[PDB]
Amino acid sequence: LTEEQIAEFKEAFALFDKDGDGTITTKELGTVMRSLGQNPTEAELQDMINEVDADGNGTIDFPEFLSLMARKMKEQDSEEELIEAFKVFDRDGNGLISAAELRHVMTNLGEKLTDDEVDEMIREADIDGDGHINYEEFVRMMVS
């Protein structure tokens, strides 16, 4: 949108575009993944380009990288938000929300819930049947 934001995205496009032609190819994408210790085969390189390549020419140009980056940054916010919210519920930092933790946070939000009502709410969200809410079960409830 602003000139500074465009500048910063051009700098990120530039580490992927190794030869400076304005396009990122499966081989340039590959050179980047290899430098980060991952060595993909030409097949999953192709799947990665296909996701971002909107005109079908087999490469990625700057408009197409800009759309990807922008969409990816809205998604990464939605995650940051859901991780923060889970972490306020998991008072002891063990990865699981228990009935006591949820009840304690609900009373601080203004809602005094009995053990039967809190148990109903855990039972609804619990998929693996341990009577706790893990992160997966939490995001799945934050939609559904």
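Just count from 1 along the sequence shown to find any residue number.
- When the C-alpha B-factors of 15 to 23 and 120 to 128 are averaged, 120 to 128 comes out higher.
- In this entry, the higher average B-factor at the C-alpha atoms falls on 75 to 83, of the pair 75 to 83 and 43 to 51.
- Taking the deposited Cα B-factors for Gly58, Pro63, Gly37, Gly30, the highest one is held by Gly37.
- The PDB entry assigns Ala99 a C-alpha temperature factor belonging to the lowest third of its chain's modelled residues.
- In the deposited entry, the Cα temperature factor of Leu68 sits in the top third of values across the chain's modelled residues.
- The entry lists a Cα temperature factor for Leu113 that places it in the lowest third of the chain's modelled residues.
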